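A.B. asks: My questions will all concern the structure given below.
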Amino acid sequence: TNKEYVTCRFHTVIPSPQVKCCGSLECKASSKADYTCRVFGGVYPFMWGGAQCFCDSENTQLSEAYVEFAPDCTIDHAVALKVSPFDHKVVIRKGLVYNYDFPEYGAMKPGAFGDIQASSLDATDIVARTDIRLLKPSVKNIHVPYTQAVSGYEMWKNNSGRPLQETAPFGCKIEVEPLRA
Amino acid sequence: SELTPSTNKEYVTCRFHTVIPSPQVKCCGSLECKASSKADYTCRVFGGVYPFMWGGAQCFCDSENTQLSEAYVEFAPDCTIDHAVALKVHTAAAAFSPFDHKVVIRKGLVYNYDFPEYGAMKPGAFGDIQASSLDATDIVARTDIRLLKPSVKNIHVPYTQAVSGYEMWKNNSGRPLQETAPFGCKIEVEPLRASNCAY
Amino acid sequence: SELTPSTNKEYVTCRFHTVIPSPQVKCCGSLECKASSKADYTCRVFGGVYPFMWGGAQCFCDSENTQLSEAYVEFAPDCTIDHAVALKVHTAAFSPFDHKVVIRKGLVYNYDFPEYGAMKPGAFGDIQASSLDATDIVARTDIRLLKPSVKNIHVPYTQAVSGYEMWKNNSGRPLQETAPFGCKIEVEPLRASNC
Amino acid sequence: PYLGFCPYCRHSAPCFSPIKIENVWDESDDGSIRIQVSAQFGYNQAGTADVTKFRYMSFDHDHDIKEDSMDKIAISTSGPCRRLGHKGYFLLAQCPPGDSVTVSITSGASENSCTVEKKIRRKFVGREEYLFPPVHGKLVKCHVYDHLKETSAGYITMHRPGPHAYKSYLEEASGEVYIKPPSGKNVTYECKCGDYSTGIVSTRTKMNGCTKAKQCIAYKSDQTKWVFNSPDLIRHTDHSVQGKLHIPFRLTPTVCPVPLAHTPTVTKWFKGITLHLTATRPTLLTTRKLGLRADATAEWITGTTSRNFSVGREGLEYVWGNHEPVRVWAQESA
Amino acid sequence: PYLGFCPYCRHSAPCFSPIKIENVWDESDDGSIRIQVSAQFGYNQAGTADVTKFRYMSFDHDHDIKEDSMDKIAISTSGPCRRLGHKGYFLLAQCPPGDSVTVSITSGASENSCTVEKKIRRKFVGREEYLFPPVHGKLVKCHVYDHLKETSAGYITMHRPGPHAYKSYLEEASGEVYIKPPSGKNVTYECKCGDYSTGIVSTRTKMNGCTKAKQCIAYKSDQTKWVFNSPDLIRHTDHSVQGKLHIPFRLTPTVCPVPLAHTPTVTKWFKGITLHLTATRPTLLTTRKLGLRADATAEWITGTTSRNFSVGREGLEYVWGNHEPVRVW
Amino acid sequence: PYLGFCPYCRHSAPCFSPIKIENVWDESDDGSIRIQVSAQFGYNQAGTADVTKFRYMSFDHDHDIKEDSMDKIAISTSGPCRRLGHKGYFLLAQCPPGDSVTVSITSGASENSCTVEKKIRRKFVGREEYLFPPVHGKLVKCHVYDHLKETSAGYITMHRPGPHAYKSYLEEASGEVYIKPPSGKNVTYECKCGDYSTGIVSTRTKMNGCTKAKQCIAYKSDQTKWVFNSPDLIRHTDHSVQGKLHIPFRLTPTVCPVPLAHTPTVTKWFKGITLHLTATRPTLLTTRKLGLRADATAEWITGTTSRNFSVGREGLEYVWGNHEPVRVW
Amino acid sequence: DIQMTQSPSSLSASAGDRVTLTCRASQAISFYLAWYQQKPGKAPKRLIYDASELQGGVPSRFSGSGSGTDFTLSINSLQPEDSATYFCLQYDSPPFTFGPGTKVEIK
Amino acid sequence: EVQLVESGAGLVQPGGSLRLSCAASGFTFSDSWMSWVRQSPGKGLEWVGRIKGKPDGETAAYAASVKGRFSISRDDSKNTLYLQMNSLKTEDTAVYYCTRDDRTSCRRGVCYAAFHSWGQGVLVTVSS
Ligand SMILES: *[C@@H]1O[C@H](CO)[C@@H](O[C@@H]2O[C@H](CO)[C@@H](O)[C@H](O)[C@H]2NC(C)=O)[C@H](O)[C@H]1NC(C)=O
Ligand SMILES: *[C@@H]1O[C@H](CO)[C@@H](O)[C@H](O)[C@H]1NC(C)=O
Ligand SMILES: *[C@@H]1O[C@H](CO)[C@@H](O)[C@H](O)[C@H]1NC(C)=O
Ligand SMILES: *[C@@H]1O[C@H](CO)[C@@H](O)[C@H](O)[C@H]1NC(C)=O
Ligand SMILES: *[C@@H]1O[C@H](CO)[C@@H](O)[C@H](O)[C@H]1NC(C)=O
Ligand SMILES: *[C@@H]1O[C@H](CO)[C@@H](O)[C@H](O)[C@H]1NC(C)=O
Ligand SMILES: *[C@@H]1O[C@H](CO)[C@@H](O)[C@H](O)[C@H]1NC(C)=O
Ligand SMILES: *[C@@H]1O[C@H](CO)[C@@H](O)[C@H](O)[C@H]1NC(C)=O
Ligand SMILES: *[C@@H]1O[C@H](CO)[C@@H](O)[C@H](O)[C@H]1NC(C)=O
């Protein structure tokens, strides 16, 4: 077996919103996982002070969106391998073996298994396609609105079915680290 | 393009509030049934009750203890907004009409639902109350209000009642005509019309 | 009309009280299971368990510290009201009753209960005694005692659900609205009125 | 503030309580519930309206009006409901879903609670269920209870009290009956021990010819109080219309936010479209054709799934939740 | 007032608590429950019956007996339960529906609690389900728990307490064992370091030939108490019957209120009838013919609908809820 | 700490609260959740570690930091939740599930809370679900949140706060904007009343060329404070990483007890078996053949029933709950 | 190459009335349309970028909305220094194509 | 305010070369995208080319008819925009503009920018 990628539940984190509400703001393209830059117009934001915006008109808003691993991902994660009761594409999840046909590395599909991809749990070269987009804020105080499809890891968890330890025929128990029958 | 019919209001309906007047007790005389103009007015004579409020004796002469109870129905206070209006529609100026002959409007959501005529009363169905206006005193109703004989020592009037046919129709209204009318057009109210409807 | 049969009482049944006797431990010796005449008496002997009570000590021998696990049942204390009594009928003085009838709180059922001694657990009739106060209770409710796993003392048991409650769930409708020919069933004594 | 026969008192059985709920209104879109109670809320003893204290009917034999404060009342269905407004005979509260509504006064160690049956269920506005109003969303039409108490939603009708008899006014001793009025309060009595007889006394007075305690009725002449048309009291003989007081907490038409669901991803094939949906909550999808036949399909969609819809030349319009209606037309790419 | 191995103690894990629920009874038709607890309620220090305060043993190595009061007991399943009555090993409480039962003593900050499993289901009597007993209805025959406290539903049996050893009765010093009993009371000691040896001590006593603390035991002779047959406690050698308390709060018969549904509207047709029904709650309809085959049909009805039944010449009987069986031909 | 836009305040509408749950995780096998708020616990006014009390943000215009005792904090989802641990920003909770999570402070008569959406459920480990882990059963592999607070499951990043401006810092009188800083704290300022103008001032000073009160912005430079990278606050112009704080209460591996179901009665029939099962709770039964075709079946069975499986010469294998594999031919 | 259409091309009107101008895109641009205007003999000036939000430097009577292939340019009041030729640009893929324009004049 | 001035245009021989200048001032020059705008008499507006910033590598895109013939050469030391155009055809007689592009969205790395600033425009005549 060789390791293509690992996947787990992604953590939705948003940097703090820039409003310099007289002149335009410029963002920078970053190598973050599923990094997105958008600029937004007139919101005239409020904080607890209630007045953070000189030039009540002319407003510009900056917001960024990216995903990164949830802090529990060193335990609750799935490993995708390619390798007989084993199919050509197998999925390892906490000692349970599933013969899922996961998408290839670089071919991310939102709302499905393997929507976020990285080589290791500590790897910084994370790629993701979660179909995240930014919406125009309408309420008078400051916030970021965003809509996004659900985690395909949790949806695949729901429809995983039985693992290969009860699926593989000829009465043999699948054992993990390394994969074997 | 606005297609509006000729509209006239037949009655307005909502969920009905069963108000109960306080019962009155003749000691051991005889009370009689008096006819009223209230909606679904029902009155009758029972025999001995011997009521109990706090002291154990609200009434002497225990045998032949006739008690007269009253019950009628009128408009609930929240029906000024939460109400359904019955309407007749006529020819509207290959002619096409998305509306049926009978139409029901509620909260802007429009329904081409068959409703009974004024006075053709149905218990447990739509139109269980009919009146020309919300503040009109000419309320008419026939929702099959039947009362029961009290048996417990205390004074209390019992009744069994059918469920609100307004509430039953609200559970089973189905899809309103705004998103099922053919030729792709939203239905807008005040006045009732169809906007930008291609045919 | 009074169509009444001649009936006899076979047994009574109700929910069971699974009482457990207090476990006994030979600290450093050996035990043999005895043979009592209780209802579903089941006693089997284990090895060294080394139990604790509150201060972390009950015996002085890490091995040969055997334990006696005991379990049996009787009637539950509420059984003088919510109990079902098995009756068998004869020629009645057409009969709407079947050959085996069950009475419970005035409701009569035409249920084919197993006979006195033909016992499998998990269904109706899982407890038999001749009367409510009868001490010759016999039962077969597949009680099995397991080995204690945690260091603190307990006796575990895995046992089936109440066949009385299962039959109650799968009761159906009584013969007061099930017997034909418009016959009103009444009790004390068992009879069919206005048939 | 009369006393009513509550259908469920504190222990198990129905009894007479001054906090009886007559009926329950739960038509507001936000999930607020306004309660008619048989006590008066927001007035002192003399009649001056003050927020911090209310009045009720006291558990004693002269039926004087006794007063408690706001901090000892409670509303609950399954958890504790919070109070938002109160005026006169009525309440308003925000409540979790349940099967019944309660009011309860906590007079130290003396607890009195009334509970009435009402199937309260959570309700929403729009085409998808939502628990709390979101930060982001478009704005649609809703109707809420008005939080200000100086508004009128209708008129309630109340009249004069009837003859409300007690047992403490009359006692039987040595084969004779007696009537004991309180200090300075004239009390009417009426009885039948032979011929009919009425009478008004203020002091302790004997009645001749009476030997049974169940046979006479004594009650105070109470003109200065008004009682609502409840079925738990004996009415006066002249039960004509006398006064109308307001119903606060009107349904006001206002604006409400609803969330945005996930916009579907379009898949194109020949004379038909496949829609891929993601939805954490059930959201309504309404499709209709743009020709002679509407062909309406109705479904509540939860989770992630895919729906196939056939599209003709005349067109098709699908609305996903509260979104703007998207109309689509099929080409002839065979 | 003993302590058992409660399956759900205060945080998460099982532990030994003096308020363990041993067995649970919920067969009354109003939904109240009798909780049988490891402690006993309603007795003072000398054992004189008083309502205001109760028994438990505490978490110390003398296991002597202290008192708390009625205002510190709390019973809950999903919401708080109201207390109905108490003597000794038994309770009574009216509870909301839930999945498990829980009693608790609130000793200041000591939130001592025990929880066992009993899936409590709300139940009714009759042929109509109801949230509350109505103010109007017929008077029928169900069964209630008795509120009178000196009733008797059965009996329980108790025996003498067994060996309750401790480790603080011993102490280890320089590879040797010593027995330190509490002052003023005699403590039975037993130890095995080769030959089997018993005896009695009352003061500071040296035992020879022993190196570790895991092979000697000690317990005071407690024959002045009675203990129930609980499965979490060791027993005495002579395990004979030595006592009998009653089981109060007996299931007693009474009269019972049930509601009545609306009378259906009957529509007649040729060899058949039509039932125009309204019912806000699930109610039972049982129908039968008067012929050779009874044709027993029974269904539970929610909402409003219309049912058609064919009526033969022999006749038909329908029972709508708890109403009288109305006979037709 | 920082203050943000809570999605649910007291009456009906969202507002600002100091105790926002930005996110909440629920992956632990006992149902325990970990809760962060914007404020920190376990620290005093200066920041020294003190368990009994915490600090939070004041509701005034000088925006100082106050402190309160931790005995007044309350956490609830449907009923109240029991507190287990705390370190800085974080909590942890254990309670039966609800549709939302609440943390609530009761500062006398001033009660403040915050509520966000999370669909927490009752989770199990093994093959049968269970209300509480029983006294007896197999010890299987499970993952739980650690009780010990000196753990590290990751890191979060903190950056400098931005311009936290106020309306009370400006005053409007006679058509001229005045800015009054507080005593001893310089407050810088910036606005467009014509050309670009920037300075720092600590005293009430007049300002030229301004006509409307909302035209200008004043804020104090708090560079001695660290705030979490939240989407509800303003950050500094240099958004560089400058510190990392741990994630305590790691998902630690341990052993958990699970219940064992009743051992079924096997009825042997010619090339077929019958499983006589009893189950109070739903128990997973999974079978497969020992041949070329697995013929795998899985059902979740409630109550008592019987299941029939045909048995071939290659053999069959079934697992009943958490029991060991049982093989037949 | 992505083709730009500009309909209509002659929408002369008066002050304060209702004028709606559209710029259809051929392929599915999400929201990347920028709105321009041209004084005669002067430099161009941007009005609305990202097709929904108002750029700083312009009054609040200009507004736009739309996504996909149809977009709008809603003018609240035709104050008489709005006499210009309005332009629309896509900035999604190369080459960036300008519309032919609409000569709006006020007399 | 961003100042953009054009200079260096005039009457030249067809099939030759010239060098014009757009001196950019008023912004951070090292991280801004520069584009060029061409206007025809009788036709609409035409795009010429785009260049990127210093972290991108100063790469250059171009239109269909200007590939291999136009050369944009930026320099950060003096902050000006140059255009080395060669092989002047008869379709290059136009009025040119130099623009500044601020980026509005960087969806998954690639940045899409509109035309923010503008010059006054200078006219070039390629005839004989
Ligand atoms: C909806 O329509 C699509 C086609 O647009 C169906 O997809 C086909 O599915 C079958 C079975 O998997 C495949 O053999 C075809 O190759 C698929 N076509 C393509 C190219 O997509 C899909 O099954 C339909 N879903 C339903 C029936 O709801
Ligand atoms: C998971 O999948 C099942 C179908 O197998 C579906 O019923 C369920 O709603 C999905 N999600 C949940 C809530 O588990
Ligand atoms: C409404 O009708 C539908 C379909 O019969 C039913 O499922 C639903 O429970 C009804 N709701 C009520 C409360 O009437
Ligand atoms: C009881 O009987 C019903 C009959 O429909 C069945 O559905 C149910 O599973 C049985 N079990 C229990 C205890 O409810
Ligand atoms: C009651 O009425 C009688 C007759 O009017 C009068 O004499 C008596 O003083 C009154 N008592 C009082 C003070 O109410
Ligand atoms: C201890 O034992 C001695 C000898 O039997 C006896 O005299 C003494 O009273 C006992 N003390 C007690 C009962 O604690
Ligand atoms: C019942 O009979 C009526 C009247 O003939 C008929 O309209 C209706 O369809 C019948 N309903 C059923 C369920 O058979
Ligand atoms: C800032 O305030 C300090 C006193 O707190 C003062 O010493 C310092 O000079 C001030 N800085 C400025 C504005 O110069
Ligand atoms: C299974 O088969 C046995 C005979 O092999 C039969 O007794 C039993 O009823 C059957 N059960 C089912 C559900 O088929």
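Going line by line, the protein sequences match chains A, F, J, K, G, B, L and H. Quick note on numbering: the first sequence equals residues 42 to 124, 171 to 268 in the deposited numbering. Quick note on numbering: the second sequence equals residues 36 to 128, 168 to 273 in the deposited numbering. Quick note on numbering: the third sequence equals residues 36 to 128, 170 to 271 in the deposited numbering. For the deposited numbering, add 13 to where a residue sits in the fourth sequence, where the first one is 1. For the deposited numbering, add 13 to where a residue sits in the fifth sequence, where the first one is 1. For the deposited numbering, add 13 to where a residue sits in the sixth sequence, where the first one is 1. Counting along the seventh sequence from 1, when you hit position 48 you're at 48 in the deposited numbering, and nothing is skipped either side. Quick note on numbering: the eighth sequence equals residues 1 to 52, 52A to 52C, 53 to 82, 82A to 82C, 83 to 100, 100A to 100I, 101 to 113 in the deposited numbering. Even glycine gets a Cβ: it sits at the ideal position worked out from N, Cα and C.
Does any heavy atom of ligand 3 sit closer than 7 Å to the C-beta of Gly239(F)?
C.D. replies: The answer is no for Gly239(F).
A.B. asks: Measuring from each Cβ to the nearest heavy atom of ligand 2, keep the ones under 7 Å and list them in chain order.
C.D. replies: That query returns the following residues: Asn245(A), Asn246(A), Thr315(K) and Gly316(K).
A.B. asks: Leaving out five residues on either side along the sequence, give the residues of the same chain with a beta carbon under 8 Å from the beta carbon of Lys69(F).
C.D. replies: Result list for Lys69(F): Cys78, in chain order.
A.B. asks: Just checking my contact of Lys257(G) with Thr170(G) at CB under 8 Å: how many whole Å lie between their CB atoms?
C.D. replies: Right, the Cβ-Cβ distance comes to about 6 Å (below 8 Å), so this counts as a contact.
A.B. asks: Going by the beta-carbon positions, is the gap between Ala231(K) and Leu183(K) smaller than 8 Å?
C.D. replies: The answer is yes: Cβ separation under 8 Å.
A.B. asks: For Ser89(G), collect the residues of the same chain with a Cβ closer than 6 Å to its Cβ; drop the 5 residues on either side in sequence, then sort them by chain order.
C.D. replies: Same-chain partners within the cutoff: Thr115.
A.B. asks: So if DSSP puts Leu152(B) in a beta bridge, which residue, or which two residues, is it bridged to?
C.D. replies: Per DSSP, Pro270(B).
A.B. asks: Cα-Cα, which of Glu85(H), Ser99(H) and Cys100(H) is closest to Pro41(H)?
C.D. replies: When only C-alpha atoms are compared, the closest one is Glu85(H).
A.B. asks: Within the present structure, is the beta-carbon of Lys198(K) separated from the nearest heavy atom of ligand 5 by less than 7 Å?
C.D. replies: Checking the Cβ of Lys198(K) against ligand 5 gives yes.
A.B. asks: At least one CB of chain G closer than 8 Å to the CB of residue 161(J): is that the case?
C.D. replies: Since the model of chain J includes 128 and then 170 but nothing between them, residue 161(J) has no atomic positions to report.
A.B. asks: Any heavy atom of ligand 9 within a distance shorter than 7 Å of the CB on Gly285(B)?
C.D. replies: Yes, the beta carbon of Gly285(B) sits closer than 7 Å to at least one heavy atom of ligand 9.
A.B. asks: Can you check whether the CB of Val138(G) is closer than 8 Å to the CB of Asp63(G)?
C.D. replies: Cβ atoms of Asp63(G) and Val138(G): not closer than 8 Å.
A.B. asks: For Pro174(G) versus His249(G), is the C-beta spacing smaller than 8 Å?
C.D. replies: For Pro174(G) and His249(G), yes; Cβs fall inside 8 Å.
A.B. asks: With three or more beta-carbon pairs closer than 8 Å as the criterion, would you say the region 229-242 of chain J touches the region 300-312 of chain G?
C.D. replies: No, the region 229-242 of chain J does not touch the region 300-312 of chain G.
A.B. asks: Could you tell me which chain H residues have their CB closer than 9 Å to the CB of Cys78(A), listed as they occur along the chain?
C.D. replies: Under the 9 Å cutoff, chain H gives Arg97, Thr98, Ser99, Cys100, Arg100A and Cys100E.
A.B. asks: With respect to 7 Å, is the separation between the Cβ of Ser215(B) and the closest non-hydrogen atom of ligand 8 below this value?
C.D. replies: The answer is yes for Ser215(B).
A.B. asks: With contact counted as at least three CB pairs below 8 Å, one residue from each stretch, are the region 97-112 of chain G and the region 48-60 of chain G in contact?
C.D. replies: Touching, yes.
A.B. asks: Flag this pair as yes or no: are the beta carbons of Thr39(J) and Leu266(J) separated by less than 8 Å?
C.D. replies: Cβ atoms of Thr39(J) and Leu266(J): closer than 8 Å.
A.B. asks: Can you pull the chain B neighbours of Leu144(K), defined as C-beta to C-beta under 8 Å?
C.D. replies: Correct list: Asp112, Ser113 and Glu130.
A.B. asks: Using a Cβ-Cβ distance cut-off of 8 Å, determine whether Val271(G) contacts chain K.
C.D. replies: So, not an interface residue.
A.B. asks: Less than 8 Å between the beta carbons of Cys269(B) and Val148(B), yes or no?
C.D. replies: Cβ atoms of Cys269(B) and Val148(B): not closer than 8 Å.
A.B. asks: For the beta strand (DSSP E) holding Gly68(L), just list the boundary residues, first then last.
C.D. replies: Segment: none, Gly68(L) is in no beta strand (DSSP E) and carries neither H nor E.
A.B. asks: Could you check whether the Cβ of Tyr15(B) sits closer than 8 Å to any Cβ belonging to chain K?
C.D. replies: No - not a single Cβ of chain K is within 8 Å of the one on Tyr15(B).
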